[PDB]
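Visitor: Here it is, the structure in full.
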Amino acid sequence: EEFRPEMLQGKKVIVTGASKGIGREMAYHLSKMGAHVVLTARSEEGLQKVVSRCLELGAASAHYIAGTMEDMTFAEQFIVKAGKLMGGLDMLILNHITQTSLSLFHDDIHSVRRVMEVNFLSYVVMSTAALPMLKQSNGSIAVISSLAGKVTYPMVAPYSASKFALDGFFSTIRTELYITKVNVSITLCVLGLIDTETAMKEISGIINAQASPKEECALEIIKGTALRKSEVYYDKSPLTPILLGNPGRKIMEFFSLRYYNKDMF
Amino acid sequence: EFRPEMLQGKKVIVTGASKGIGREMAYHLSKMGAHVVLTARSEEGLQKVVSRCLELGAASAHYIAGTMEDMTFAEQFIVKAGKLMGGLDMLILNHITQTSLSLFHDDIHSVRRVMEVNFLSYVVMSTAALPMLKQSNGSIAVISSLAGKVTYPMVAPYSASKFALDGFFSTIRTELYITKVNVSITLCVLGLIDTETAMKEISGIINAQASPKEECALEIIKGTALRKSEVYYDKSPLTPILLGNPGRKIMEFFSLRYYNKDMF
Ligand SMILES: NC(=O)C1=CN([C@@H]2O[C@H](COP(=O)(O)OP(=O)(O)OC[C@H]3O[C@@H](n4cnc5c(N)ncnc54)[C@H](OP(=O)(O)O)[C@@H]3O)[C@@H](O)[C@H]2O)C=CC1
Ligand SMILES: NC(=O)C1=CN([C@@H]2O[C@H](COP(=O)(O)OP(=O)(O)OC[C@H]3O[C@@H](n4cnc5c(N)ncnc54)[C@H](OP(=O)(O)O)[C@@H]3O)[C@@H](O)[C@H]2O)C=CC1
Ligand SMILES: COc1ccccc1[C@@H]1N(c2cccc(S(C)(=O)=O)c2)C(=O)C1(C)C
Ligand SMILES: COc1ccccc1[C@@H]1N(c2cccc(S(C)(=O)=O)c2)C(=O)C1(C)C
């Protein structure tokens, strides 16, 4: 199977954290493809500027709804309004995250809660809210993760916890949808260091690593989701997907389905 | 090579000790002549286990009843327990919310509770306990599952939390290592265990052979004592091979050289 940019033409897409970074790039690529987009972030001004640009680039439609995704009530209402604006939903790109600084974890419990609320819990709310619309259209979900969601790094404990949680939850949901013959895809995008202004500011003085371009990154996510792939990998090193392949877990998960009573599906 | 003499006179906290694996760990530690402090919600349940612990030969045995849904309790529990024993050598994080096998359909409040009891309370307590573990060069046993390293259906919220534990506590281990803190973190990956809860809940759904809960408890204690990074325990002998994941260990080692050494 090969990606064609006509696959997203006319499709109704939602992009979280669309005001800047990879989300903003994803917004532009979808707009060039002639899709319907509803964007979100906290910054009202930031969204307005991106929505304007999306129209110029050639979006079928384009709207913004501003708010914080630490509010679960907002997260649920956002999906419902997004769906009302576009008349349905075809793709859900859960891309947003709460701010995190690189530091050794030290007596930082209220921060951990906040990270789980924004980086993980809201993802569950929005997927749950959006699922009925994605069932109706046989749609997709883009679950944007990290290398730190598969392997561990110092000075990023709460961030990893959340992204690991995303791998646990959405990999399970994916299987359930598959074994129950529900035609909705879930994509876990494992990303290496990307040259977004927030990331580069953060790794400054601490980490000495080469970043990858944010434009090309945004495109691969959109392609990977559109082609209904289980996982997508994006990193500078070509050794990454092989070292993060984990054939044992794949073997484990396949044979494990025989333990179950098929009557449950 | 482990010897049970090690744990004689040691000061161990065991969460979720009123039944299941935690109760069997409370018994084993008692047989080895340890000082235990046990905790669960059920007060009566803890009284029965503490009495049995004293019979079995515990250096001391106490309990503190309460829910780990509450983070205030979780924190105060460690301070109170630490005072009761006058120190802390080993922390066994074991408790979990009741799990039912079901295709995901829970609202956000159900999912939040799971993460608070299964994950968030583990972080609070570990954080709270750490100064004492630093003082005694102690250990932490974080009880995970195969559901924390692999995805099975009908257990989405459960997996989420166990994955979270790995993500979080693996990190803390490395941080403790690069900062030369002699406090060990053992992640115990367990397969199906013959507890009342597990066996009743898989009934009519999963046809699989369980492993004995008494041995399970011991292998957890042996690992944490010996300061292992991970303890694998499952019926199949192909399990620790399959869940080995050498690429991760390679990744994590080499990637330390990205960091500025002056940060530590
Ligand atoms: N860039 C990198 O080095 C890598 C990134 N990734 C992943 O890629 C994704 C995007 O990262 P990146 O683009 O760099 O992050 P950025 O900081 O560049 O952008 C994140 C977006 O999220 C929004 N946001 C921040 N806080 C909230 C919140 N409270 N509620 C709703 N939206 C919020 C921001 O807008 P606003 O502040 O106005 O609300 C912003 O548009 C993340 O999920 C990350 O985990 C993975 C590996 C590495
Ligand atoms: N049994 C199995 O097949 C498997 C078990 N495991 C792991 O082993 C560990 C123990 O499992 P197991 O012994 O079977 O579980 P059990 O249900 O048998 O025991 C759980 C313990 O935690 C306590 N508990 C339950 N809810 C709460 C809560 N809300 N707040 C505080 N305490 C609570 C219970 O006491 P009370 O209700 O009175 O509070 C009980 O003592 C878990 O971490 C589990 O993930 C891993 C793989 C397989
Ligand atoms: C060389 O790779 C790394 C080394 C140490 C730590 C982190 C990273 C990268 N990185 C990352 C870095 C800074 C900010 C953010 S952000 C915008 O999601 O908050 C994410 C990640 O994720 C990684 C793991 C891909
Ligand atoms: C053959 O093993 C399995 C197959 C599919 C799914 C799950 C399991 C087991 N399971 C488990 C099952 C029921 C109750 C609980 S409990 C007491 O922690 O709530 C835990 C686990 O964990 C496993 C993975 C060890």
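In the structure tokens, each chain is lettered A, B, ... as it comes, each chain's residues begin at 1, and ligands are numbered from 1 in order of appearance.
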Residue 159 (chain B): which residues within 7 Å, counting only C-alpha atoms, same-chain residues fewer than 2 positions away excluded, as a ChimeraX atom specification?

Guide: /A:168-169 /B:147-148,151,155-157,161-163

Visitor: Could you list, as a PyMOL selection string, the residues of chain A having an atom within 7 Å of chain B when counting only C-alpha atoms?

Guide: chain A and resi 104+107+109+125+151-154+157-158+160-162+164-166+168-169+171-173+175-176+206-209+243-244+246+248-249+253+259-261

Visitor: Among region 85-250 of chain B, which ones does DSSP assign to alpha helix (DSSP H) (computed from the backbone)? Answer as an MDAnalysis selection string.

Guide: chainID B and resid 85 108:115 121:136 156:178 196:201 213:225 239:242 246:250

Visitor: Work out how far CA of residue 132 (chain B) is from CA of residue 231 (chain B), in Å to one decimal.

Guide: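 Computing the Euclidean distance for CA of residue 231 (chain B) and CA of residue 132 (chain B) yields 23.5 Å.
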
Visitor: Using only C-alpha atoms and all ligand atoms, what does the table of chain B residues within 7 Å of ligand 2 look like, with each row giving the shortest atom pair and its distance in Å to one decimal, sorted by chain and ascending number, as CSV?

Guide:
residue,atom,partner,partner_atom_place_in_ligand_line,distance
B:15,CA,ligand 2,22 (O),6.7
B:16,CA,ligand 2,22 (O),3.4
B:17,CA,ligand 2,41 (O),4.6
B:18,CA,ligand 2,41 (O),3.9
B:19,CA,ligand 2,41 (O),4.2
B:20,CA,ligand 2,13 (O),3.3
B:21,CA,ligand 2,13 (O),4.0
B:22,CA,ligand 2,13 (O),5.8
B:40,CA,ligand 2,39 (O),4.0
B:41,CA,ligand 2,39 (O),3.5
B:42,CA,ligand 2,38 (O),3.7
B:45,CA,ligand 2,38 (O),6.5
B:66,CA,ligand 2,31 (C),6.3
B:67,CA,ligand 2,30 (N),3.9
B:68,CA,ligand 2,30 (N),4.0
B:69,CA,ligand 2,29 (N),5.6
B:94,CA,ligand 2,43 (O),4.4
B:95,CA,ligand 2,22 (O),3.8
B:96,CA,ligand 2,25 (C),5.1
B:97,CA,ligand 2,26 (N),4.1
B:98,CA,ligand 2,26 (N),6.0
B:117,CA,ligand 2,29 (N),6.1
B:143,CA,ligand 2,43 (O),4.9
B:144,CA,ligand 2,45 (O),5.4
B:145,CA,ligand 2,46 (C),4.2
B:146,CA,ligand 2,47 (C),6.4
B:189,CA,ligand 2,46 (C),7.0
B:190,CA,ligand 2,47 (C),4.4
B:191,CA,ligand 2,47 (C),4.9
B:192,CA,ligand 2,3 (O),3.7
B:193,CA,ligand 2,3 (O),3.7
B:194,CA,ligand 2,1 (N),6.0
B:195,CA,ligand 2,1 (N),5.0
B:196,CA,ligand 2,18 (O),6.3
B:197,CA,ligand 2,17 (O),5.0
B:198,CA,ligand 2,1 (N),4.5

Visitor: Quick one: write out the picked residues with C-alpha atoms as an mmCIF file, in the first residue's frame?

Guide:
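Listed below is the output, result06.cif:
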data_model
loop_
_atom_site.group_PDB
_atom_site.id
_atom_site.type_symbol
_atom_site.label_atom_id
_atom_site.label_comp_id
_atom_site.auth_asym_id
_atom_site.auth_seq_id
_atom_site.Cartn_x
_atom_site.Cartn_y
_atom_site.Cartn_z
ATOM 1 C CA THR B 15 1.312 -2.901 50.815
ATOM 2 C CA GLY B 16 -1.814 -4.926 49.981
ATOM 3 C CA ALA B 17 -0.884 -7.528 52.600
ATOM 4 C CA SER B 18 -4.416 -8.456 53.765
ATOM 5 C CA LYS B 19 -4.614 -11.130 51.049
ATOM 6 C CA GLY B 20 -3.005 -12.470 47.872
ATOM 7 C CA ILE B 21 0.722 -12.211 47.175
ATOM 8 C CA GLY B 22 1.199 -9.479 49.816
ATOM 9 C CA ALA B 40 -4.601 -2.411 53.246
ATOM 10 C CA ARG B 41 -8.103 -0.959 53.601
ATOM 11 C CA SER B 42 -9.528 -3.933 55.536
ATOM 12 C CA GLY B 45 -7.932 -8.507 57.532
ATOM 13 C CA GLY B 66 -6.454 2.942 54.891
ATOM 14 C CA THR B 67 -7.105 3.543 51.195
ATOM 15 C CA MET B 68 -4.313 4.297 48.716
ATOM 16 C CA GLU B 69 -6.777 6.209 46.543
ATOM 17 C CA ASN B 94 2.141 -4.418 45.796
ATOM 18 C CA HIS B 95 -1.460 -3.149 46.173
ATOM 19 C CA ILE B 96 -3.826 -2.724 43.201
ATOM 20 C CA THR B 97 -7.500 -1.853 42.620
ATOM 21 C CA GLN B 98 -9.849 -4.760 41.832
ATOM 22 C CA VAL B 117 -4.105 3.463 43.257
ATOM 23 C CA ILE B 143 5.181 -5.312 41.644
ATOM 24 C CA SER B 144 4.275 -5.251 37.948
ATOM 25 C CA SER B 145 2.760 -7.791 35.533
ATOM 26 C CA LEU B 146 3.177 -9.242 32.049
ATOM 27 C CA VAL B 189 7.123 -8.973 36.143
ATOM 28 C CA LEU B 190 4.602 -11.644 37.215
ATOM 29 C CA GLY B 191 2.534 -14.056 35.118
ATOM 30 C CA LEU B 192 -0.787 -15.586 36.244
ATOM 31 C CA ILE B 193 -0.795 -16.298 40.013
ATOM 32 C CA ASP B 194 -3.289 -18.530 41.865
ATOM 33 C CA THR B 195 -4.828 -15.859 44.124
ATOM 34 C CA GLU B 196 -8.569 -15.794 44.930
ATOM 35 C CA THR B 197 -9.074 -12.516 43.053
ATOM 36 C CA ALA B 198 -7.228 -13.502 39.865
#

Visitor: Write out as a short mmCIF file (atom, residue, chain, number, x, y, z; two decimals) with C-alpha atoms, in the first residue's frame the residues lying within 7 Å of region 188-198 of chain A, counting only C-alpha atoms and excluding same-chain residues fewer than 2 positions away.

Guide:
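To be explicit, this is the file written out as result03.cif:
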data_model
loop_
_atom_site.label_atom_id
_atom_site.label_comp_id
_atom_site.auth_asym_id
_atom_site.auth_seq_id
_atom_site.Cartn_x
_atom_site.Cartn_y
_atom_site.Cartn_z
CA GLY A 21 5.52 22.60 16.60
CA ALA A 142 -2.85 9.17 15.77
CA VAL A 143 -1.27 8.67 19.19
CA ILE A 144 1.92 10.74 19.21
CA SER A 145 4.57 9.18 21.47
CA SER A 146 8.36 9.23 21.94
CA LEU A 147 11.50 7.11 22.21
CA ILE A 186 -4.77 3.24 16.07
CA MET A 200 15.62 22.73 21.24
CA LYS A 201 15.18 25.28 24.04
CA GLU A 202 14.83 22.41 26.54
CA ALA A 211 17.36 16.69 15.78
CA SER A 212 15.18 15.81 12.78
CA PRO A 213 13.09 18.28 10.72
CA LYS A 214 9.56 18.97 12.02
CA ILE A 221 2.63 10.78 11.09
CA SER A 230 0.17 0.03 14.05
CA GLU A 231 3.35 1.99 14.71
CA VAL A 232 5.41 4.64 12.93
CA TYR A 233 9.06 5.42 13.68
CA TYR A 234 10.86 8.70 13.06
CA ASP A 235 14.47 9.26 14.15
#

Visitor: Quick one: of A:256, A:101, A:138, A:127, who's nearest to ligand 3, counting only C-alpha atoms and all ligand atoms?

Guide: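 Closest residue, counting only C-alpha atoms and all ligand atoms: A:101.
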
Visitor: Report, in Å to a single decimal, how far apart CA of residue 96 (chain A) and atom 21 (C, counted along the ligand's line) of ligand 1 are.

Guide: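 Separating atom 21 (C, counted along the ligand's line) of ligand 1 from CA of residue 96 (chain A) is a distance of 4.9 Å.
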
Visitor: Please indicate the distance in Å from CA of residue 215 (chain A) to CA of residue 29 (chain A), rounded to one decimal place.

Guide: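 Value for the CA of residue 215 (chain A)-CA of residue 29 (chain A) distance: 8.5 Å.
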
Visitor: Can you tell me, as a list in words, which residues in region 21-124 of chain B count as strand (DSSP E or B) by DSSP?

Guide: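 Residues of region 21-124 of chain B classed as strand (DSSP E or B): residues 35, 36, 37, 38, 39, 60, 61, 62, 63, 90, 91, 92 and 93 of chain B.
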
Visitor: Please provide as a compact mmCIF listing (two decimals) with N, CA, C and O atoms, in the first residue's frame all residues within 10 Å of residue 23 (chain A), with the sequence filter that same-chain residues fewer than 3 positions apart are discarded (counting only C-alpha atoms).

Guide:
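Final output, out.txt:
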# COMPACT_ATOMS: atom_id res chain seq x y z
N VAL A 15 -6.77 18.04 15.09
CA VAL A 15 -5.37 18.10 15.51
C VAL A 15 -5.24 18.89 16.82
O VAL A 15 -5.58 20.07 16.88
N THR A 16 -4.77 18.21 17.86
CA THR A 16 -4.53 18.85 19.15
C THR A 16 -3.13 19.44 19.17
O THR A 16 -2.25 19.02 18.41
N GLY A 17 -2.93 20.42 20.05
CA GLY A 17 -1.67 21.15 20.13
C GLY A 17 -1.25 21.67 18.76
O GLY A 17 -0.09 21.54 18.37
N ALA A 18 -2.20 22.26 18.05
CA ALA A 18 -2.02 22.68 16.66
C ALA A 18 -1.43 24.09 16.50
O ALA A 18 -1.19 24.54 15.37
N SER A 19 -1.20 24.79 17.61
CA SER A 19 -0.74 26.19 17.58
C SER A 19 0.73 26.34 17.17
O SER A 19 1.12 27.39 16.65
N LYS A 20 1.53 25.32 17.43
CA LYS A 20 2.95 25.36 17.10
C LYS A 20 3.56 23.95 17.09
O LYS A 20 2.92 22.99 17.50
N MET A 26 1.51 19.47 10.92
CA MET A 26 0.44 18.53 10.56
C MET A 26 -0.80 19.27 10.05
O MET A 26 -1.42 18.85 9.07
N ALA A 27 -1.15 20.36 10.72
CA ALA A 27 -2.25 21.22 10.27
C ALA A 27 -2.03 21.68 8.82
O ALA A 27 -2.93 21.56 7.98
N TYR A 28 -0.83 22.16 8.52
CA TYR A 28 -0.52 22.69 7.18
C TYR A 28 -0.54 21.61 6.10
O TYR A 28 -1.07 21.84 5.02
N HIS A 29 0.03 20.45 6.39
CA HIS A 29 0.03 19.33 5.45
C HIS A 29 -1.39 18.87 5.12
O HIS A 29 -1.69 18.57 3.96
N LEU A 39 -8.77 22.67 14.94
CA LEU A 39 -7.52 22.75 15.70
C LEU A 39 -7.76 23.16 17.16
O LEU A 39 -8.79 23.74 17.49
N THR A 40 -6.80 22.86 18.02
CA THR A 40 -6.89 23.28 19.42
C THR A 40 -5.53 23.48 20.08
O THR A 40 -4.53 22.89 19.69
N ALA A 41 -5.55 24.35 21.08
CA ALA A 41 -4.41 24.66 21.94
C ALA A 41 -4.93 25.64 23.00
O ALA A 41 -6.13 25.91 23.06
N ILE A 93 -5.90 13.25 15.71
CA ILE A 93 -4.46 13.33 15.99
C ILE A 93 -4.20 13.90 17.38
O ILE A 93 -4.14 15.11 17.58
N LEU A 94 -4.04 12.99 18.34
CA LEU A 94 -3.74 13.33 19.73
C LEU A 94 -2.24 13.59 19.87
O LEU A 94 -1.44 12.67 20.07
N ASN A 95 -1.89 14.86 19.77
CA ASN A 95 -0.49 15.31 19.65
C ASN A 95 -0.01 16.15 20.83
O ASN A 95 1.20 16.23 21.09
N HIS A 96 -0.94 16.77 21.55
CA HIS A 96 -0.61 17.76 22.57
C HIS A 96 0.06 17.15 23.81
O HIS A 96 -0.12 15.98 24.13
N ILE A 144 0.55 10.26 19.35
CA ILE A 144 1.92 10.74 19.21
C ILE A 144 2.72 10.44 20.48
O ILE A 144 2.41 10.97 21.55
N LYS A 214 10.95 19.06 11.57
CA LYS A 214 9.56 18.97 12.02
C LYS A 214 8.53 18.83 10.90
O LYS A 214 7.45 18.25 11.11
N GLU A 215 8.84 19.37 9.72
CA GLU A 215 7.96 19.27 8.55
C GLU A 215 7.84 17.83 8.09
O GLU A 215 6.73 17.29 7.97
N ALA A 218 6.00 15.62 10.66
CA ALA A 218 4.54 15.80 10.63
C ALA A 218 3.90 14.99 9.51
O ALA A 218 2.82 14.44 9.68

Visitor: Just checking: using only C-alpha atoms and all ligand atoms, which residue out of B:226, B:34, B:140, B:101 ends up closest to ligand 4?

Guide: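 Answer, going by the shortest atom-to-atom distance: B:101.
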
Visitor: Env of region 75-91 of chain B: 6 Å cut, atoms = only C-alpha atoms, seq-sep filter 4 positions within chain, self excluded. Answer as JSON, numbers by chain.

Guide: {"B": [11, 12, 13, 125, 132, 133, 136, 138, 139, 140]}

Visitor: Residues of the last selection are to be written out with N, CA and C atoms, as a compact mmCIF listing (two decimals), in the first residue's frame.

Guide:
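Saved result, result-v2.txt, follows:
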# COMPACT_ATOMS: atom_id res chain seq x y z
N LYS B 11 13.68 -4.13 58.21
CA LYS B 11 12.46 -3.34 58.41
C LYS B 11 11.70 -3.17 57.09
N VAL B 12 10.66 -3.97 56.90
CA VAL B 12 9.97 -4.06 55.62
C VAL B 12 8.53 -3.56 55.68
N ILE B 13 8.15 -2.72 54.71
CA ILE B 13 6.76 -2.33 54.51
C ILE B 13 6.17 -3.14 53.35
N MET B 125 4.61 7.21 47.83
CA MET B 125 5.24 6.40 48.87
C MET B 125 6.74 6.22 48.66
N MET B 132 14.77 7.46 53.99
CA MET B 132 15.07 6.32 54.86
C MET B 132 15.81 5.21 54.12
N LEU B 133 15.38 4.95 52.88
CA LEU B 133 16.05 3.98 52.01
C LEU B 133 17.48 4.42 51.67
N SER B 136 19.46 3.72 55.00
CA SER B 136 19.71 2.29 55.23
C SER B 136 20.23 1.56 54.00
N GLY B 138 18.53 0.93 51.36
CA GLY B 138 17.44 -0.03 51.22
C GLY B 138 17.09 -0.40 49.79
N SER B 139 15.90 -0.99 49.63
CA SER B 139 15.42 -1.47 48.32
C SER B 139 13.96 -1.12 48.11
N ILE B 140 13.54 -1.10 46.85
CA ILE B 140 12.12 -0.96 46.51
C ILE B 140 11.70 -2.08 45.55

Visitor: Hey, what's within 7 Å of residue 12 (chain A) if we count only C-alpha atoms and toss same-chain stuff fewer than 3 positions away? As a VMD selection string, please?

Guide: chain A and resid 35 to 37 86 88 to 91

Visitor: What does the file look like for those residues with N, CA, C and O atoms, as a PDB file, in the first residue's frame?

Guide:
ATOM      1  N   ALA A  35      -8.252  18.971   3.324  1.00  0.00           N
ATOM      2  CA  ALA A  35      -9.038  18.321   4.370  1.00  0.00           C
ATOM      3  C   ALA A  35      -9.816  19.351   5.184  1.00  0.00           C
ATOM      4  O   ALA A  35      -9.562  20.552   5.086  1.00  0.00           O
ATOM      5  N   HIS A  36     -10.774  18.863   5.969  1.00  0.00           N
ATOM      6  CA  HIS A  36     -11.463  19.674   6.977  1.00  0.00           C
ATOM      7  C   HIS A  36     -10.753  19.504   8.306  1.00  0.00           C
ATOM      8  O   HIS A  36     -10.579  18.377   8.777  1.00  0.00           O
ATOM      9  N   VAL A  37     -10.362  20.621   8.912  1.00  0.00           N
ATOM     10  CA  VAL A  37      -9.608  20.598  10.162  1.00  0.00           C
ATOM     11  C   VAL A  37     -10.286  21.401  11.269  1.00  0.00           C
ATOM     12  O   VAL A  37     -10.835  22.480  11.029  1.00  0.00           O
ATOM     13  N   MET A  86     -17.860  19.925  11.730  1.00  0.00           N
ATOM     14  CA  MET A  86     -17.490  19.221  10.491  1.00  0.00           C
ATOM     15  C   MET A  86     -18.550  18.229   9.998  1.00  0.00           C
ATOM     16  O   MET A  86     -18.489  17.776   8.859  1.00  0.00           O
ATOM     17  N   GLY A  88     -18.997  15.246  11.309  1.00  0.00           N
ATOM     18  CA  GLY A  88     -18.436  13.909  11.498  1.00  0.00           C
ATOM     19  C   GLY A  88     -16.966  13.970  11.872  1.00  0.00           C
ATOM     20  O   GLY A  88     -16.419  15.055  12.089  1.00  0.00           O
ATOM     21  N   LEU A  89     -16.326  12.803  11.949  1.00  0.00           N
ATOM     22  CA  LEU A  89     -14.893  12.719  12.250  1.00  0.00           C
ATOM     23  C   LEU A  89     -14.255  11.501  11.585  1.00  0.00           C
ATOM     24  O   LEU A  89     -14.754  10.383  11.710  1.00  0.00           O
ATOM     25  N   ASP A  90     -13.145  11.733  10.890  1.00  0.00           N
ATOM     26  CA  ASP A  90     -12.422  10.675  10.171  1.00  0.00           C
ATOM     27  C   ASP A  90     -11.066  10.343  10.799  1.00  0.00           C
ATOM     28  O   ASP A  90     -10.666   9.178  10.826  1.00  0.00           O
ATOM     29  N   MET A  91     -10.365  11.363  11.292  1.00  0.00           N
ATOM     30  CA  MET A  91      -9.050  11.179  11.918  1.00  0.00           C
ATOM     31  C   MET A  91      -8.894  12.036  13.175  1.00  0.00           C
ATOM     32  O   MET A  91      -9.325  13.185  13.216  1.00  0.00           O
TER      33      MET A  91
END
